[PDB]
Structure formats: structure tokens, C-alpha cells
Amino acid sequence: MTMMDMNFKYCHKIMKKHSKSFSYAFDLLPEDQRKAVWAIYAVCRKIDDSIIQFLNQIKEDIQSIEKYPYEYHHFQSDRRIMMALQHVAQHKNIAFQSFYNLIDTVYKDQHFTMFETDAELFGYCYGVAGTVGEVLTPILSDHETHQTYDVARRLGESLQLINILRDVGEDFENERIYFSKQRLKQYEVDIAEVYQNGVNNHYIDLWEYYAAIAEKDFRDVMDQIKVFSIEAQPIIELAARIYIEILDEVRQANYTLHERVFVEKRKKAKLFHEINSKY
Ligand SMILES: CC(=C=CC=C=C(C)CC/C=C(\C)CCC=C(C)C)CC/C=C(\C)CCC=C(C)C
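So, a few notes on the structure that sits alongside this text. (Residues numbered from 1 in each chain as written, not as in the entry; some residues may be left out. Heavy atoms only, no water.)

1. Some words on the side chain of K35
- One can find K35 in helix 3 (residues 31-49).
- Owing to a relative accessible area of 18%, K35 belongs among the buried residues under this scheme.
- Not counting the four nearest positions on each side in its chain, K35 is found in contact with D5 and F8. (Helix = DSSP H or I, 4+ residues; strand = E, 2+ residues; numbered from the N terminus. Buried < 20%, exposed > 50% of the residue type's maximum accessible area, 1.4 Å probe, protein only. Contact = heavy atoms within 4.5 Å.)

Shown next as C-alpha cells:
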């Protein structure tokens, strides 16, 4: 166990801590690719939770790395991750701009006001997850064209959207609603009310209307999975398929707003089999 290794293993710990689904999937990659993904997840995880002196530190470390990839830096933030990322950046191409978007997006959240329109919601989704998918693109593809970044973005955005959908109650508890004012009003939904009195027909419909957007985006990515390298395809199929499965979970929980639903490891394993079986 070198020193890099320990850094990467911390990264890995973080990812497995916070995303049982993506770990499950992405741990099935070649060693080189799965390490890179650990580093990037961790950096992003670190920014998402960073909340404000830490976040500028993380931005500064990343600017360092981008300017002078092959210098030693005294990282202000988390040194274990920045080394792991710096190591990646030496061998692979990192969309630094996408990190800066995510960072920007996370600033703006300290004064979160509700989105006026779906457009704003989809634009948050980009900043929060579309950005991640872009950062990962060079890792999961042999040759990176515009439609490679496009797909991975679309996947990223839809997964974030599936997040929102699972997390509706929890998010309300933390004084956040991600459904847009225009869509709430059109569908006649008061999220405060549903939280108290259970679900109804108007909620289900709004929730089902977003769900439709996700499933559709998921399908659109499956039919373009080829843009990713051959080892990564079934991995990315898996990750996505597990995450759509989250939607049927919420349905069986009757769209509850008083627990995180989950896809038990056995189901995860079932799906790896279905997907693996046709590769
Ligand atoms: C938790 C989970 C997921 C979490 C988050 C996700 C996302 C943020 C997707 C979008 C983000 C992407 C592409 C990059 C990540 C980095 C940032 C967005 C900064 C599913 C697995 C279940 C767990 C770990 C236990 C939870 C308990 C239950 C399900 C009962």
C-alpha cells in the first residue's frame, strides 16, 4: 500500500459511504478507471457538503492543480483528495470548468430561493450533476466527442432529478423544495400540506410528470450508451438502471414523504445479472 493508494482508499470510503449505488456499480471498473472515479466523486462530494471558508479552499486547490499539474502544492482543503485528483489530472483530462460550475452552483445555494420555472430546476440539475457527468466523461470513454459529453450530462441531470424525486420529504424538512413554483401552481400542490396530510391525486400527478421526464432521459441515454468505452458501458447501464429502479421503489412506498426509500443490495445484484447477461 503506497501513499497514493491510501488517498484513493479514503476517496473510495467517502463514495461508498455516501452512494451505495454508484460504488456498487463503479467498483466494477478496471483499477485505473475506478480510482479516477473515486477521486472525482470525492472532490464533488466534498464540495456538495462543504457548507463557507472550506469551499473557497477547495476552489483554490483545484485552480492550483489546473495551472501547475506537476508541482507540489500545500493543499488548503482536504489534502488526501487533492492528491488523488492531482494524480488523476496528470494522466487524464479534467474538465476543470465543470468543477467551477458545480462550485458556483453550490455558492448560490446558501441563498436558495424556489425556482420560478422547470427551466431553473433543470439548470440547477446541470450545475449539480450535469457537471459531474462531464468531469467523468474522459474517464469512461476512449475518445471524447461533443456527443460523449452530451450523453453523460443528460445522464447526470436525470439522476439528480431522480434524487429530488426520492428525497421530497427529507428536502422539505430541510426547508427546501425543488419542484418549481410554476409546476406546483399548475398542478395545485402545496408541499407543506402533503407533508402533513399524506399524498393525494395532485401530488402523484406532479411527481409522475417529472418521473416521466427522467425515464425518458434515461431511455435516451441507453440508446446512446455506445459513446462510452466498452468496459464502462454495462457499468453505466447498471448505475442508471439501479437508479431508475429507485422510481418504482418510491411508487411502492406510495410516494411517502417520511422516509428515504432504497434499492436493497439483492436487487442491485439482480440487475447486474440482467445487464451483465446480455454483454
Ligand atoms: C444515497 C444514494 C445517492 C445519493 C446521491 C446521489 C446523487 C447526488 C446523484 C447525482 C450526483 C452525481 C452524479 C455526483 C455526486 C456528487 C455530487 C452531486 C456533488 C443512493 C444509494 C443509497 C445510499 C448511499 C443510502 C441512502 C439510503 C437509502 C436509499 C434508504
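2. Here we look at the site of the ligand
- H18, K20, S21, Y243 and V261 are the nearest of the 18 residues found near the ligand.
- Protein contact buries 85% of the 730 Å² of open area that the ligand shows by itself.
- The set of elements that each furnish at least two residues to the shell around the ligand consists of helix 2 (20-26), helix 3, helix 7 (118-140) and helix 8 (146-166).
- Top element by residues in the shell around the ligand is helix 3. It accounts for 4 residues.
- Considering only residue class, the shell around the ligand consists of 8 nonpolar, 5 polar and 5 charged. (Near = heavy atom within 4 Å. Areas by Shrake-Rupley, 256 points an atom, 1.4 Å probe, with all protein chains shown as cover. Nonpolar A, V, L, I, M, F, W, Y, C, P; charged D, E, K, R; others polar.)

3. Notes on the packing of helix 13 (residues 233-252) against helix 14 (residues 265-276)
- One can describe the packing of helix 13 onto helix 14 by two numbers: an axis separation of 10 Å at closest approach and a directional angle of 135°. By the angle between their directions, the pair helix 13 and helix 14 is classed as oblique. Helix 13 and helix 14 meet at a crossing whose hand is right-handed. Seen from helix 13, the contacting residues are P234, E237, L238, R241, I242, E245 and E249; seen from helix 14, they are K267, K268, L271, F272, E274 and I275.
- In terms of residue class, the contact of helix 13 with helix 14 is built from 6 nonpolar, no polar and 7 charged. (Axes fitted to C-alpha atoms, helices over the stretch in contact; angles between N-to-C directions. Parallel < 35°, antiparallel > 145°, perpendicular 65-115°, else oblique. Left-handed = near helix turned anticlockwise from the far one by under 90°.)

4. Brief notes about the pattern of salt bridges
- With the rule as written, the count across this model stands at 22 salt bridges.
- One salt bridge in this structure joins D167 and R260, with 3.8 Å as the shortest N-O distance. Of this pair, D167 sits in the loop between helix 8 and helix 9 (168-173) while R260 sits in the loop between helix 13 and helix 14; the two residues are 93 residues apart in sequence, bridging distant segments of the chain.
- Between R251 and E215 there is a salt bridge; the shortest N-O distance is 3.4 Å. Within this pair, whereas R251 is found in helix 13, its partner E215 is found in helix 12 (residues 201-222), the two being separated by 36 residues in sequence.
- Residue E215 is classed as partly exposed on the basis of its relative accessible area, which comes to 27%.
- If you follow the salt bridges from partner to partner, you end up with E134, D150, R153 and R154 in one network. (Salt bridge = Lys/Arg side-chain N within 4 Å of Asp/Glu carboxyl O.)

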